[PDB]
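Presented below is the structure to which this report refers.
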Amino acid sequence: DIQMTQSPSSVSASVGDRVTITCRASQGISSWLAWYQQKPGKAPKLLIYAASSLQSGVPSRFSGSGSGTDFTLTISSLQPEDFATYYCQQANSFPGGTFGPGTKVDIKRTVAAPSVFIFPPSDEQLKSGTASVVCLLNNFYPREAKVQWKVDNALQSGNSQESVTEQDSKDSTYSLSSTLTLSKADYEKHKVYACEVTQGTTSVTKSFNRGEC
Amino acid sequence: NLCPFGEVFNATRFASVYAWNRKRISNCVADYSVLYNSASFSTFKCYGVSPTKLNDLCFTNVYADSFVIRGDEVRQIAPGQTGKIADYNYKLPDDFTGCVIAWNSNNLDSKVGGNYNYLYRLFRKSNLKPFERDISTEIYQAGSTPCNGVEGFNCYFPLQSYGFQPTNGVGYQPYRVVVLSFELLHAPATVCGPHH
Amino acid sequence: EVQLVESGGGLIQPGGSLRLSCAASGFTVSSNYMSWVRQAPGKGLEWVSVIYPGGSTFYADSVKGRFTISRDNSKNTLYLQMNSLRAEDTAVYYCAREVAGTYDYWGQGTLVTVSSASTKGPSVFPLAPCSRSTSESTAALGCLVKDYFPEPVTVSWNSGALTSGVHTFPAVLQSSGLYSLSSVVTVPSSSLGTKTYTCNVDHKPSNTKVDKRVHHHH
Ligand SMILES: *[C@@H]1O[C@H](CO)[C@@H](O)[C@H](O)[C@H]1NC(C)=O
């Protein structure tokens, strides 16, 4: 019943920054400590074993230090492809390895305004009694963007869901999809469908008119 | 003429578990209760015999096996156990007759920066038979490519260091272990308890 | 090249059983410590089971009694047999080779979903601008992949010939308990109605592939 903790739980840092993340064991584990990087939707990759030894094929910007209870992973010069969750792992536990909870690293960069597109529901879907209206926010930064749906200028809530891609491996931007779900009946009652995207004090609204187009 | 348990229990150096030491004890009176009643030991477990009746028993010979392992491995020094120690280093049989004695040795056997002296066998393709001792150091072939005596990918040195540091959690600290095996042959007994 | 290729994950009712496979090349399974490690969606890594070169096996308290790790030497394959599965066991399961307690090589993972809900194939609908007449020089198109269970789906475009500017979003779980996702691409608006754009939606859990040409909004 060793507890492995990691700090901070998340860190946002710019390309070229030095990033330092911490792992603690609740009792001394000598140098029996490994570090892994796990990209979204991929298996973890071993970075560091025996607290400080760099695994073959891993870039030299990754390094580990410490012994006993307190360990550090350092990225000397953060690359845009380095966003990931980083896990430490006690390597001498029995019967099995004991993983820390992970630290999520994201890439900070300059603001980038989204390209905004709106899509009406397909005639094919409408035939089946539901209308999905989709709003795309393409290649923007930062992640936090207020997306608001308006139907005949009435603000919607409770009837949309959002999803975001992983940061671009080169330019660190995100894209975002928002889907507004209505019954066919509700859809047909209204004319103007608008997605309003606010970053800071600038809002951009893309719309269509159900009657036209 | 009292059994010289002192030479075993109080030895300055203890063996690495893969290279466990055996000392034969013969022709003496064995006051087991001295050890049993000792405050020194964190484990004192017997098998095939009652620990409280030890001072009453006669055997042909006694064997004292001694070595160092980590705290949480002491439980593997028992009949019917599995793990790196029981499987690849020191194996007791199901029908074991004797006692297992252990004590924390963090003060003697850990070093600042890690003690690289105490080893266990990590890589072996099959389990040891009971009381088998393997001291070989052949490079272990973990793939289909021969190693030809050279360490590298899929080619491992079979022994690993514990790397005992004084700051280790207690379960990862070194423990000295003495296993007393009680041998009964068709011959006069040479080792008897004082209360026989 | 070390390769660990996993198989056998899918949808299973609570109390059901499933067997995972992990076919290895580049080391000998029977000569190695091999583990299974799992990760529940959005959660951390959890070690679950290990088999030693000499054959000993050990298990996390969370799975003891229910799971059995085994191997087949002739097939150089590792297995995990799981019984009395429950929702808490829903996870991606990885196999990994272990050297002195660290995992140097991992499989790609196999998703196990423990649920009493039915398999449901997706409905694929076009995403196209309301009117091309008002399209800027860059247009977006896509496919909405609606109402499927369980995960995952993959999306490609033009059978993988179109990759630049593709964004396929993570699925959202709807209140129905079915998943939905979109995949989008941006293209020159001048290409519209002279080049064709087809999304290739594969939902292996229902053994269904949909190819859907995205037309002008009708
Ligand atoms: C080991 O040494 C200590 C102190 O010299 C002594 O009390 C003890 O009896 C010895 N142990 C044995 C088993 O003789």
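In this analysis, Cβ positions are derived from the backbone assuming ideal geometry, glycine residues included, and neighbour counts consider all displayed protein chains. Each answer follows from the model by the rule given with it, or from the source it names; no laboratory instrument gave them.
Scanning segment B:44-80 for residues that are part of a strand (DSSP E or B) and touching a residue at least 60 places away in the same chain (Cβ under 8 Å) yields a total of 12. For B:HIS195, the stated conditions do not hold, so it cannot be described as free of Cβ contacts under 8 Å to residues at least 40 places away in the same chain and assigned by CATH to the domain that holds B:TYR47. Within segment A:48-74, the residues that satisfy the criterion of being surrounded by fewer than 22 Cβ atoms within 10 Å (Cβ to Cβ) and among the aliphatic types (A, V, I, L, M) are A:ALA50, A:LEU54, A:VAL58. Within the span defined as segment C:14-28, every residue fails to be touching a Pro at 6+ places or on another chain (Cβ under 7 Å) and in the same structural domain as C:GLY101 (by CATH). For residues that are more than 15 Å from the ligand (Cβ to nearest atom) and part of a loop (DSSP other than H, G, I, E, B), scanning just segment B:1-41, find the one that is nearest to the other protein chains (Cβ to nearest Cβ). Among residues in segment B:1-41 that are more than 15 Å from the ligand (Cβ to nearest atom) and part of a loop (DSSP other than H, G, I, E, B), the one nearest to the other protein chains (Cβ to nearest Cβ) is B:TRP20.
Quick grid of which residues meet (1) touching a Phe, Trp or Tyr at 6+ places or on another chain (Cβ under 6 Å); (2) among the acidic types (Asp, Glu); (3) more than 8 Å from chain C (Cβ to nearest Cβ):
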site	(1), (2), (3)
A:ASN92	yes, no, no
A:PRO95	yes, no, no
A:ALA112	yes, no, yes
A:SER115	no, no, no
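All conditions but one from (1) at the interface with chain A (Cβ under 9 Å from one of its Cβ atoms); (2) among the charged types (D, E, K, R); (3) free of Cβ contacts under 8 Å to residues at least 12 places away in the same chain apply to C:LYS209; the one that does not is (1).
The set of residues in segment A:78-127 that are assigned to a helix (DSSP H, G or I) and not assigned by CATH to the domain that holds A:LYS45 comprises A:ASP123, A:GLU124, A:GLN125, A:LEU126. Identification of strands (runs of 3 or more DSSP E) wholly contained in segment C:165-218 with 1 or more residues that are surrounded by fewer than 18 Cβ atoms within 10 Å (Cβ to Cβ) and touching a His at 6+ places or on another chain (Cβ under 8 Å) yields C:208-213.
For B:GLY48, indicate whether it is more than 14 Å from the chain's Cα centre (by Cα), in the same structural domain as B:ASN104 (by CATH) and within 12 Å of the ligand (Cβ to nearest atom). No, not satisfied. Evaluate the following for B:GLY171: is it surrounded by fewer than 19 Cβ atoms within 10 Å (Cβ to Cβ), at positive phi and either in contact (Cβ under 8 Å) with a residue 60 or more places away in the chain or away from chain A (no Cβ under 14 Å) (or both)? No.
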